[PDB]
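K.L.:
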Amino acid sequence: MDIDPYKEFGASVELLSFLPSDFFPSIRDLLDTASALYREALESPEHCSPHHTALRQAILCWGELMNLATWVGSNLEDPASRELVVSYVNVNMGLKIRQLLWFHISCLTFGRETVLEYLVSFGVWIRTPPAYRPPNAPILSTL
Amino acid sequence: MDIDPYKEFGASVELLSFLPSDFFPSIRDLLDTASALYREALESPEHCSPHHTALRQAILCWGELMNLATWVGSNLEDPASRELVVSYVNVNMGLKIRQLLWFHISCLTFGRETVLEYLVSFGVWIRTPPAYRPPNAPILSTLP
Amino acid sequence: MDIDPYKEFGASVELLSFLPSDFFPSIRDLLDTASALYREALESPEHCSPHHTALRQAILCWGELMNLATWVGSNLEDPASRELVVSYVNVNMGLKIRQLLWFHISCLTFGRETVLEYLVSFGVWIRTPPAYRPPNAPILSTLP
Amino acid sequence: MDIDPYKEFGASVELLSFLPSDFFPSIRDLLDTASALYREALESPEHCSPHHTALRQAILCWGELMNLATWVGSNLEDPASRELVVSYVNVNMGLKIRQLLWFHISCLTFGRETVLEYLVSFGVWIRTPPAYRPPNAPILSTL
Amino acid sequence: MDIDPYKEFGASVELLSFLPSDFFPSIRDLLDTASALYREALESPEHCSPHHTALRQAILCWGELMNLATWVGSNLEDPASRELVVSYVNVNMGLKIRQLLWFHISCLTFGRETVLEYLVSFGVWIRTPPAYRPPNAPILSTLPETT
Amino acid sequence: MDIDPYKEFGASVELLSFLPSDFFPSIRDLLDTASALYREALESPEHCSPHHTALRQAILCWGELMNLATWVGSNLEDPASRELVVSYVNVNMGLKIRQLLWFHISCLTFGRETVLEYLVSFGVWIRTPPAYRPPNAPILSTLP
Numbered sequence: 001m002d003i004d005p006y007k008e009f010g011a012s013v014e015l016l017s018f019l020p021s022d023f024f025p026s027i028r029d030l031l032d033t034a035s036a037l038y039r040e041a042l043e044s045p046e047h048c049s050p051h052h053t054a055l056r057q058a059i060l061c062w063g064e065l066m067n068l069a070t071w072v073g074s075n076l077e078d079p080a081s082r083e084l085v086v087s088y089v090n091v092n093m094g095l096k097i098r099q100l101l102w103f104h105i106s107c108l109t110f111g112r113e114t115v116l117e118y119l120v121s122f123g124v125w126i127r128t129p130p131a132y133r134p135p136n137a138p139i140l141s142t143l
Numbered sequence: 001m002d003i004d005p006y007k008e009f010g011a012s013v014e015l016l017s018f019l020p021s022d023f024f025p026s027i028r029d030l031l032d033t034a035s036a037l038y039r040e041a042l043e044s045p046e047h048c049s050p051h052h053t054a055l056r057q058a059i060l061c062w063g064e065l066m067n068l069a070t071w072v073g074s075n076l077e078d079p080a081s082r083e084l085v086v087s088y089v090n091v092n093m094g095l096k097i098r099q100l101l102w103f104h105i106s107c108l109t110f111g112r113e114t115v116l117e118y119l120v121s122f123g124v125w126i127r128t129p130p131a132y133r134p135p136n137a138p139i140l141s142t143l144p
Numbered sequence: 001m002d003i004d005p006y007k008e009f010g011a012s013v014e015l016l017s018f019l020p021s022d023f024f025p026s027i028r029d030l031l032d033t034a035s036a037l038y039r040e041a042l043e044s045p046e047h048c049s050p051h052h053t054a055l056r057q058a059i060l061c062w063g064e065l066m067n068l069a070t071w072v073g074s075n076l077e078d079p080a081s082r083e084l085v086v087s088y089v090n091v092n093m094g095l096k097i098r099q100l101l102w103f104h105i106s107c108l109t110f111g112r113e114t115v116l117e118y119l120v121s122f123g124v125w126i127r128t129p130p131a132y133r134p135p136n137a138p139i140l141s142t143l144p
Numbered sequence: 001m002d003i004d005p006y007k008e009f010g011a012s013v014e015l016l017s018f019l020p021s022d023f024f025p026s027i028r029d030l031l032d033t034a035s036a037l038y039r040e041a042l043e044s045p046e047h048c049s050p051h052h053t054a055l056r057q058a059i060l061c062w063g064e065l066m067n068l069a070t071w072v073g074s075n076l077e078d079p080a081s082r083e084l085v086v087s088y089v090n091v092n093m094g095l096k097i098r099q100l101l102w103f104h105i106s107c108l109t110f111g112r113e114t115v116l117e118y119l120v121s122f123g124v125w126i127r128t129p130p131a132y133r134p135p136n137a138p139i140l141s142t143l
Numbered sequence: 001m002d003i004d005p006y007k008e009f010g011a012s013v014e015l016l017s018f019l020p021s022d023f024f025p026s027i028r029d030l031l032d033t034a035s036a037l038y039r040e041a042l043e044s045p046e047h048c049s050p051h052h053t054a055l056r057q058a059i060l061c062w063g064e065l066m067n068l069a070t071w072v073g074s075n076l077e078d079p080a081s082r083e084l085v086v087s088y089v090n091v092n093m094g095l096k097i098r099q100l101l102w103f104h105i106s107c108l109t110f111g112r113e114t115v116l117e118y119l120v121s122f123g124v125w126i127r128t129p130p131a132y133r134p135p136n137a138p139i140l141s142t143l144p145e146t147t
Numbered sequence: 001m002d003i004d005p006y007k008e009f010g011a012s013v014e015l016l017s018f019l020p021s022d023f024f025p026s027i028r029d030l031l032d033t034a035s036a037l038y039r040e041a042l043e044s045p046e047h048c049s050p051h052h053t054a055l056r057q058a059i060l061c062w063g064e065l066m067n068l069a070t071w072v073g074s075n076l077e078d079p080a081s082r083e084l085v086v087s088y089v090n091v092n093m094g095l096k097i098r099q100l101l102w103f104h105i106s107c108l109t110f111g112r113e114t115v116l117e118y119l120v121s122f123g124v125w126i127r128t129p130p131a132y133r134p135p136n137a138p139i140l141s142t143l144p
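Protein chains in written order, with the deposited numbering: chain B, 1 to 143; chain A, 1 to 144; chain A', 1 to 144; chain B', 1 to 143; chain D, 1 to 147; chain C, 1 to 144. A prime marks a further copy of an entry chain.
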């Protein structure tokens, strides 16, 4: 079956594909801003928010992916083949978990209606050619 | 942060450790149960339950892991180290979503309080010495 | 004084003698059931039930017996008489807390009246001649 | 898991660790004052008190420890190794069952609020050096 | 800043200097006393008293001093100069917080005015010559010695 | 007894480790602004705040640590121990006293909620890639 993870939150993969690769902070920097803002709500028996439920799964999805890269570096025989796998988890599979971590942290920080309104205006900006756009990208921090 | 995937739903990792490792059905058998029973709701544009939201992320977590096992199939021309990676995803990494898929499919079908009471009742069954346990295990089939 | 540990809870030593000796699960299997199900309450600063108060003393009684078996491990340099002591605590002394841990975990999970009725119902089952008893024993799994 | 046996009664192991070893009577003298004061309440099907439930377990804990020392003296081969075990049950494991027997007998005799108020004032007295304390320890017998 | 830890609570350093140096119990004996009676309050998410706010920093002051003495042991390969620093942390720096732990535990247990009247009455007792001094020193027990 | 020094003030060690380590002003500058702004209120027979009660103990803790450093500089014959100990006391304990002094001085100056919001905002600002944040770092300021 075909599930996009954002459709229950009012977005799509097509809406978040306009953000470039160097728009999201690193995965260590998304896990730090969740552990420092919402830790008593993520380590809680309550449901709190639907953005809290999807953020708990995205953290433990990465904790098993960092569990994989520790296994790959420990018990593969040749070092040549193991350097493609750990580079795949951090870069290729790590990019999909950044925008999952970015979307749910920002929907808790700024609001869900603000992030969806920002993703429209960022899509207009990056679809415009660089000669006909303002030089600075729009930012989020309304608060 | 030591975050618990089942504490939100009134369970724990140590309560899910009452069931053995080779008790959960395979991932292909659990994704067909999700397809046949809950496909209009997992593809719905609204979250219907907290179990649906944790189940949509559990399928995409396995979908990311199947793009990985396809990638190690197409790459890593050393053949002896390719089979170490793709069998790790299918066996070792596939287990921790297999408890995650089993817990959320069964809590959508039978309810929260039925699966939590089944987790205790399977705890009594596997604890009993083999001279005094029944030959049948408990099944979640509360429905006729 | 000939004091009865289960008479307070509506049972007796001779009603607990309906179950055989090798029916109760091991002490490591019963302390994990107490850990997974009742750890906020056994470490609570208030007594929640008379079964909690008798269960906190049953765990500390085994905790005193494990400091003893560690002490006979570190001391008693005669090796033939060290193994007589530590196997007595694990097998012989560990049994009378194993009925004590089983009775209070099961009475917190299923209730008093369910375990007392299970003690009678297991009495009928073990009494029946083997030509006419079922191949299944009763389990306390009243919960689905 | 980590349980202290006194926390449900409003005390701790840290509160009762200030009482010295020679503060409690012998285990035969704690079992005599329970069998002579509360025997119709300990040999009873009722719950009576939470101090009664914890006292029933502490008596039968010692009855299995005296069962052990009878076994050790009967069927160990050498007498040299058996004299360390029976001295361990009576002294080392016997000291932990004295303060369990003392705390629950005294909470029934004087009251729970009196024993906790006495354990504070006995802690002030024995933490004071002997040159700056009164020479007599405080006593319990308010009745 | 000529600042004073007890001046806020109605005392002084010199009023705490009535008690001698070898009067306060050891740091292990006040940490066991604090954790016995005040552990849900010293780890509470709110401040309960100015004694609780000042006792949380005094335990944290001792915690930073014990990670220091641990660090001097794992490092500092000269044994002649290592042991005199760990001795300075334990017996010299620990004395200034033993008065801080004793003062704030006792004002939580018996009250501010009871400890402040005890410091005066122990001041009369210790400056009396030993020929005219009574045998039983003052003590801030809430119960009498005969109960 | 595990006590968080900022827990009663609505923060934690994790929220103050959210900012980088070389952000907090030095211990000399923080004691300078404490002695400039709040000296008649820290040398006072009143409490006036929980922040004043914590700031006095922080200043006295740093005074005891500087007495320690003066003592180690006074009498230790090993020159490498004078290189190790008083550099540890500065660069490892002064960072924690820098966070404590900065937190309490800023909470006295700007308010507690403004300092907590500034902690969250500056952490998320540092974490953000530089092309998608405001170009200059935020400060607390009382000047309109």
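Cβ coordinates follow ideal geometry from the N, Cα and C atoms, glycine included.
Looking at chain D, which residues of the segment 26-39 of chain C have a Cβ within less than 9 Å of any of its Cβ atoms?
P.N.:
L31, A34, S35 and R39
K.L.:
Quick check on DSSP: helix, strand or coil for C/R39?
P.N.:
coil
K.L.:
If you drop the 5 nearest sequence neighbours on each side, which residues of the same chain put their C-beta closer than 8 Å to that of B/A34?
P.N.:
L42, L55, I59, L101 and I105
K.L.:
Who are the Cβ neighbours of B'/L65 in its own chain at under 8 Å, not counting the five residues just before and after it?
P.N.:
So the qualifying residues of the chain are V89, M93, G94 and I97.
K.L.:
At a cut of 8 Å, does the segment 23-32 of chain A reach the segment 127-136 of chain B through at least three beta carbon pairs?
P.N.:
As far as the Cβ criterion goes, the segment 23-32 of chain A does not touch the segment 127-136 of chain B, which means the pair count is below three.
K.L.:
State the Cα-Cα distance for the pair D/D29 and B'/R127, rounded to the nearest angstrom.
P.N.:
7 Å
K.L.:
How is A/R98 classed by DSSP in three states: helix, strand or coil?
P.N.:
helix
K.L.:
Taking 8 Å as the threshold (C-beta atoms), are B/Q57 and A/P5 in contact?
P.N.:
yes
K.L.:
With C-beta atoms as the reference, is A/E8 less than 8 Å away from B/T53?
P.N.:
yes
K.L.:
Between B/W71 and chain A, is the shortest Cβ-Cβ distance under 8 Å, so that the two count as touching?
P.N.:
yes
K.L.:
What do you reckon, are the CB atoms on A'/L19 and A'/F122 nearer than 8 Å?
P.N.:
yes
K.L.:
Looking at chain A, which residues of the segment 120-143 of chain A' have a Cβ within less than 7 Å of any of its Cβ atoms?
P.N.:
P135, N136, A137, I139, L140, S141 and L143
K.L.:
Taking only the alpha-carbon atoms, compute the straight-line gap between A'/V85 and D/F110 and give it to the nearest angstrom.
P.N.:
49 Å
K.L.:
Measure from the alpha carbon of A'/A36 to the alpha carbon of each residue in A/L108, A/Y38, A/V120 and A/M1, then state which is nearest.
P.N.:
A/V120
K.L.:
Could you name each continuous alpha helix (DSSP H) segment of 4 residues or more that falls completely within the segment 66-129 of chain A', going from the start of the chain to the end?
P.N.:
79-87, 93-109 and 112-127
K.L.:
Please check if any C-beta of chain A' sits within less than 8 Å of the C-beta of A/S49.
P.N.:
no
K.L.:
By Cβ distance, which residues of its chain are closer than 6 Å to B/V72, with the 5 residues on each side in sequence left out?
P.N.:
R82, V85 and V86
K.L.:
For B/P45, which of helix, strand or coil comes out of DSSP?
P.N.:
coil
K.L.:
Can you have a look at A/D32 and say buried or exposed, based on whether 16 or more other CB atoms are within 10 angstroms of its CB?
P.N.:
exposed
K.L.:
Inspect the beta-carbon positions of A/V124 and A'/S49 and report whether they are closer than 8 Å.
P.N.:
no
K.L.:
Between A/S21 and chain A', is any beta-carbon pair separated by less than 8 Å?
P.N.:
no
K.L.:
Does the distance from the CB of A/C61 to the CB of B/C61 come in under 8 Å?
P.N.:
yes
K.L.:
Whose C-alpha, out of A/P79, A/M1, A/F103 and A/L143, is nearest the C-alpha of A/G10?
P.N.:
A/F103
K.L.:
Quick one: list the residues of chain A' neighbouring B'/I59, beta-carbon separation under 8 Å, in chain order.
P.N.:
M1 and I3
K.L.:
Suppose you measure from the CA of D/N75 to the CA of C/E14; what does that come to, to the nearest Å?
P.N.:
Rounded to whole angstroms, the gap between the alpha carbons of D/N75 and C/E14 is 27 Å.
K.L.:
For B'/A41, would you say it is in contact with chain A', using Cβ-to-Cβ distances shorter than 8 Å as the test?
P.N.:
no
K.L.:
Does any residue of chain B bring its CB to less than 8 Å from the CB of A/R56?
P.N.:
yes
K.L.:
Going by DSSP in three states, C/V13 sits in which element: helix, strand or coil?
P.N.:
Note: C/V13 maps to helix in three-state DSSP.
K.L.:
Less than 7 Å separating the Cβ of D/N75 from some heavy atom of the ligand GDP?
P.N.:
Judged by which ligands are present, the structure shown has none, so any question about the ligand GDP falls away.
K.L.:
What number of angstroms, rounded off, separates the C-alpha of B'/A80 from the C-alpha of A'/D78?
P.N.:
Cα-Cα distance, rounded: 9 Å.
K.L.:
Look up B/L55 in the DSSP assignment and say whether it is helix, strand or coil.
P.N.:
helix
K.L.:
DSSP three-state call for D/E145: helix, strand or coil?
P.N.:
coil
K.L.:
Residues of chain B with a CB under 8 Å from the CB of A/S81: which are they?
P.N.:
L76, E77, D78, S81 and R82
K.L.:
Would a check of beta-carbon distances place C/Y6 closer than 8 Å to chain D?
P.N.:
no
K.L.:
Since D/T147 contacts B'/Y118 with CB under 8 Å, what's their CB separation in whole angstroms?
P.N.:
Cβ atoms of D/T147 and B'/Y118 come within 8 Å of each other, at about 7 Å.
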